[PDB]
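Because only heavy atoms are used, hydrogens play no part in the values below, and waters and symmetry mates are left out as well, while side chains stay in. Chain letters run A, B, ... following the sequence lines, proteins first, then strands; residues in each count from 1.
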Amino acid sequence: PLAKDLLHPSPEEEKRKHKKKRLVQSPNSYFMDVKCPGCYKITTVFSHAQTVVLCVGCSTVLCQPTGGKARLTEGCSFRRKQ
Amino acid sequence: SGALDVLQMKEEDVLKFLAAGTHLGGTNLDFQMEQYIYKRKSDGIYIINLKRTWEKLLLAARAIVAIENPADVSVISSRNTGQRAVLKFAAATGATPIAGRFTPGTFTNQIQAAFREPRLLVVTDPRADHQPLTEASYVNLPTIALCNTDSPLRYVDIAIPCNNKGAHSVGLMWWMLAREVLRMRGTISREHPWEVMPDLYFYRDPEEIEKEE
Amino acid sequence: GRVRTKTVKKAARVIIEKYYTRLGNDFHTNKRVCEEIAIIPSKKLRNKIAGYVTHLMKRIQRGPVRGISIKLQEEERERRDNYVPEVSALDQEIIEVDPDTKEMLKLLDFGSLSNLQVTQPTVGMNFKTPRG
Amino acid sequence: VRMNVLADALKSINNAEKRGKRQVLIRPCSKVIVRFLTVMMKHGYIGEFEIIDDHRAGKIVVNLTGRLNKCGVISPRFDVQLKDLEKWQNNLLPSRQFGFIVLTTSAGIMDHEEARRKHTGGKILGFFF
Amino acid sequence: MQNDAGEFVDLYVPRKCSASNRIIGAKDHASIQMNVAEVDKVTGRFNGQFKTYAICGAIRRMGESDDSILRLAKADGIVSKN
Amino acid sequence: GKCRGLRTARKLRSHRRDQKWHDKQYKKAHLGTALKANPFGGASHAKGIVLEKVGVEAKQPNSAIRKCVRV
Amino acid sequence: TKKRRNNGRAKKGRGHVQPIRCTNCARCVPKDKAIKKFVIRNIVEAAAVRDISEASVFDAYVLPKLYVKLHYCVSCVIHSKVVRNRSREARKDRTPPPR
Amino acid sequence: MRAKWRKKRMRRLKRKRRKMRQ
Amino acid sequence: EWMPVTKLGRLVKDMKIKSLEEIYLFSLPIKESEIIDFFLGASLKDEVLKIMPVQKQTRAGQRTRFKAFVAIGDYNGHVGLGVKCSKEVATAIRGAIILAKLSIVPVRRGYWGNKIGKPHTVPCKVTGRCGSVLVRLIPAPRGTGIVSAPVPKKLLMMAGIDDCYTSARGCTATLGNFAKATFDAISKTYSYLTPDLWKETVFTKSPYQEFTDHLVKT
RNA sequence: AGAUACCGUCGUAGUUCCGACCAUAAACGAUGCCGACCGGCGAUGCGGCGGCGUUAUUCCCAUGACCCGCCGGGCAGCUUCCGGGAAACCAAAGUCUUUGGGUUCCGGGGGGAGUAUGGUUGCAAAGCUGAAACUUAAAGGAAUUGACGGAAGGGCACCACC
RNA sequence: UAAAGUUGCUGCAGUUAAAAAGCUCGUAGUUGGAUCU
Ligand SMILES: [Mg+2]
Ligand SMILES: [Mg+2]
Ligand SMILES: [Mg+2]
Ligand SMILES: [Mg+2]
Ligand SMILES: [Mg+2]
Ligand SMILES: [Mg+2]
Ligand SMILES: [Mg+2]
Ligand SMILES: [Mg+2]
Ligand SMILES: [Mg+2]
Ligand SMILES: [Mg+2]
Ligand SMILES: [Mg+2]
Ligand SMILES: [Mg+2]
Ligand SMILES: [Mg+2]
Ligand SMILES: [Mg+2]
Ligand SMILES: [Mg+2]
Ligand SMILES: [Mg+2]
Ligand SMILES: [Mg+2]
Ligand SMILES: [Mg+2]
Ligand SMILES: [Mg+2]
Ligand SMILES: [Mg+2]
Ligand SMILES: [Mg+2]
Ligand SMILES: [Mg+2]
Ligand SMILES: [Mg+2]
Ligand SMILES: [Mg+2]
Ligand SMILES: [Mg+2]
Ligand SMILES: [Zn+2]
């Protein structure tokens, strides 16, 4: 305590903190590139998706809504964007 | 330390630290001791950064050497684990030891037989030596303490983080504090290894003495 | 009740601390010593003091006593306490070390140590006493 | 709900100084807050501070030197004329040797001594000593 | 301290805590004035002078004396970086 | 807590007078029942005709006869 | 002056607790406040255990137990010495008696 | 006198007064 | 003849510490009244503020003791307060005088307006508290005297303050709390961080460091 | 002694449900609501985010049950020279003579008295609002010693018992 | 009238001393977040 630099927070404890309580608020979510097991072409998906994302180029269900992060279908791969 | 190579920790010192188990703290972390641990093993035990312990030891030695009267340093141990180490430290350096029970009022009551006015106080365990710690707060007495991961830091001015539970670790730190203050004073060279070896400072554990005889 | 009063006990302690060399395990020599070195106005008090001195001599024979403090005895006591083993207990050919403290030592720049033997870590994270 | 951000900032810095801390973070920030912190600057009571630009409202990290005894706000922001300034500083300041009353006049935000020099009254904001 | 004439009209000038800058009172017996013996850069020996710090009772009571002395020694070069 | 806004003068004044009515001395002086019930009618002195001489017992801790008159 | 921080009960976060009845005097006492003791006792006491075991027809029958939950109102708890009064510092200890 | 019983007695007196000034 | 027991007493008697302000500088506890008698013996005056009989109930009767409050201090810069309870009034007064001597604190004095002449009033508004009694000292113009109750006025005159405004709140009828509160306000005068004390402190050597060898050989 | 009671037997209204009144409780955390700051520690309930390793299973991801942490909102607890307070105590009852974040209710020695009267609501019982004359130097709160107890524990004695 | 910071705007109190409505909603009133040289 006492002499603790609030100007230069450490990255680990900055991620440790709540998203709204950081020096500058940074959301915890991200955008994923989801690849279906059979379809050759990728889809952009929100991590905390609240809707049943359907394959635009097929009938496969890509993710299911949950309390927090959306659950990807088994086999459907994903890569973090940016 | 002061970034001086001649006052930097050596391989032999590190080996003695690890053999004695000084780096092994406890299962609880006091929030004022967090800047001394490295990380927490999956057994719940904290690991103490030995570099930082060496720096605090050197700072404590610098504070001790800064008193012209060697007999004006008071070295206190209440637990039997550190009594022999404290007596050996006093004999080696020149300090005044209090091994055993600390009678309250030793610092405040000037009529008492054991009344004394030290200029520096060194204790083995701030938890087990709380009475001299709080008594020092009445007579403007700076304090040096060997602190564990859960050791409270009230009235502690220079805290040397270590394991103050095991006999080997406590003896080793008292031995190296004596070595450091002697080397800084002028006696003993930093190249020749010290003749006195740390086992002389270890708690004898009477059931071990009986097997020894 | 044969409980000695503080008069007897403090007198005996002072007598022992002052004249430990002259005393021994014999009551009948100790009482003469006490009557020679001290001024005890009663014979019964002298006998009680001598008896407690004999008891305390037997006690110091097999170790220390919280009341007595003999200056010459402390030198011999620390001489016994000066025991030094042939090989230091801290000098070990191989010392076991966890991966975490190995990483800490590597960060210390002491990662070239050879005596370290990296033991396997624990599996279950069960180090807490169950509550209830 | 939160009103008078200046009061919250001054309370935060006062509590941090009572606690002996070397830096304090204030949020939300404002131009009134920055001007008050700057008049506290020029008299050596606070130290250097830095504004963090979050796109909603900035934060201020304030370095603290132990020279600050009290800093507070006066709400409501009463209108102060030149005649009554003496009464206000008699009430609020601990001495005539040190301490400052801060006010917004048309000339800006400044301590009572500068307001006397410029012969302008205004509205009282707070005080520090 | 100073009057208009120019002489110092004050009984004494008290010390300030080197950690909190608070005035150390006349009767505050939890305060300390530590002296630390700095070492020469070649022989690793005490050379005679020293660096002094003073801490008030409040900082010691809060348990922040250890960290404050550590930082004061670090800024003085007594304690090596990291 | 009390209201402190710049436009709270009427609230402060009304509350102060209402609470002033709860003060013993203020209510006694401004209610008008005390002056009506006062035998002197607010005067410092008065004049009367002696009706009879009476002896009044002193209060319990001390024994005496206080000589008074009905006027 | 307040004697206990919890007011002698365990009501935190709720408004009402269902009344229960003291097993001794049949007193309406809130369930959280009442002093409760669970008695597991051999149906046959140790004095008659040998006689019962000798006169049994089975081998290693194991005598049944009796399970009773006694609910006591503060007055009955004190009068029956189930609970005692303690010093102002000893009151804070919530550790059950070793027994 | 207990406050509850004092209030009860006062209520009885009020009831008598109300019944008397019918 | 005085035979010191503490280190400070030996240093003071041996003509090593030249002023009480050197002891105040290092916040050293003073445990021998002969130190105060040696430094300010000529100018010290005492004044028994109050004698109060306190009673302890016993199986047969009330055991009565007497508590004396004594204010001491040369009327320039120094003041002390002492409370002692004993079975005899004279013993109580003697003990209270000893305690008041042991509690002498320095008083910081400032100016109201222009800084011409010697300081005459408190540096700033100060407050002392002791058990529901709050005492506030306010700087006053030269020649205004001490505007206070008699009990704080005694201590304020004894300290050396010539001019002072005073406001007291609480149960001032308890003389002990009133006196301790005004003593606390007086003591706080040298703990207020005013701008003239902003200059960085230059640390000197403590008496225990300056005279280590003399203490070693004595 | 008396018992219009405490104990026991019987037992009306009531206790139960529906529909209309009543709006009072030690309706209590005897602690208004909103917002900011100010110490630690271990738990616990809900939600989310991670991580070895065990279990449902026997293989698949799962998802449940544990285990080790993190975040947020809660019921609380321990601790602390935060600071307060008359103190008991309070992490709020702190950030108050260094006195101003916003705002509602409300108190002003003890009785008379929550009484009389008027108004108003109610079938009623009663609710809300609510005095004065007069009387009185105390009433009251925390805490300390004793004394006492038909409270709990120990200890002692052939002027106790065995 | 001051003393009375015992009417308290300055400047009082409401856990236990007198005191926070049983609880919530809600008109008037009072107060109201950054931001524009
Ligand atoms: Mg009671
Ligand atoms: Mg709830
Ligand atoms: Mg209820
Ligand atoms: Mg007053
Ligand atoms: Mg009075
Ligand atoms: Mg009958
Ligand atoms: Mg019946
Ligand atoms: Mg009600
Ligand atoms: Mg209520
Ligand atoms: Mg969960
Ligand atoms: Mg997980
Ligand atoms: Mg939680
Ligand atoms: Mg106020
Ligand atoms: Mg309300
Ligand atoms: Mg009244
Ligand atoms: Mg009517
Ligand atoms: Mg009403
Ligand atoms: Mg009481
Ligand atoms: Mg008046
Ligand atoms: Mg006034
Ligand atoms: Mg009042
Ligand atoms: Mg009340
Ligand atoms: Mg309520
Ligand atoms: Mg509205
Ligand atoms: Mg605005
Ligand atoms: Zn019962």
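Here G/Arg14 lies out of heavy-atom contact (under 4.0 Å) with every strand. F/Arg10 comes within contact range of no nucleotide atom at all, as no heavy-atom separation falls under 4.0 Å. Within the 4.0 angstrom heavy-atom criterion, no nucleotide atom of any strand lies near A/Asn28.
Comparing E/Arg61 and D/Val1 by the nucleotide of RNA chain J whose heavy atom lies nearest to each, the residue mapping closer to the 5' end is D/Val1. Projected onto RNA chain J by closest heavy-atom contact, I/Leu134 and D/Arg27 fall at different nucleotides, the more 5' of which corresponds to D/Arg27.
The stretch residues 21-32 of chain F comes close to RNA chain J through F/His22, F/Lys24, F/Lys27, F/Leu31, each having a heavy atom under 4.0 Å from the strand.
Within the cation-pi definition used here (under 6.0 Å to the ring centroid, within 45° of the axis), A/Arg80 qualifies as a partner of A/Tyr30.
With hydrogens and angles ignored, the 3.5 Å screen pairs a side-chain donor or acceptor of B/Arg127 with a backbone N or O of B/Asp150. Using modelled atom types, one side-chain atom of B/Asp30 and one backbone atom of B/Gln32 make a donor-acceptor pair closer than 3.5 Å.
Between I/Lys188 and I/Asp184, at least one side-chain N (NZ, or NE/NH1/NH2) sits under 4.0 Å from a carboxylate O, which counts as a salt bridge. A salt bridge between A/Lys17 and A/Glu13 is present, with a side-chain N of the basic residue lying under 4.0 Å from a carboxylate O of the acidic one.
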Please table the atom pairs, donor to acceptor, closer than 3.5 Å between any side-chain atom in residues 53-60 of chain D and protein atoms at least two apart or in another chain.
residue, atom, partner, partner atom, Å
D/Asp54, OD1, D/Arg56, NH1, 3.0
D/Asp54, OD2, A/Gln25, NE2, 3.4
D/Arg56, NE, A/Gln25, OE1, 3.3
D/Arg56, NH2, A/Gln25, OE1, 3.4
D/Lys59, NZ, A/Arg22, O, 3.0

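Note on F/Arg7: every side-chain N or O is 4.0 Å or more away from OP1 and OP2 of K/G29.
Atom name P, nucleotides J/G32 and J/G94: the rounded distance is 12 Å, in whole Å.
Taking the syn range as angles within 90° of 0, the glycosidic angle of J/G127 is outside it, so the base is anti.
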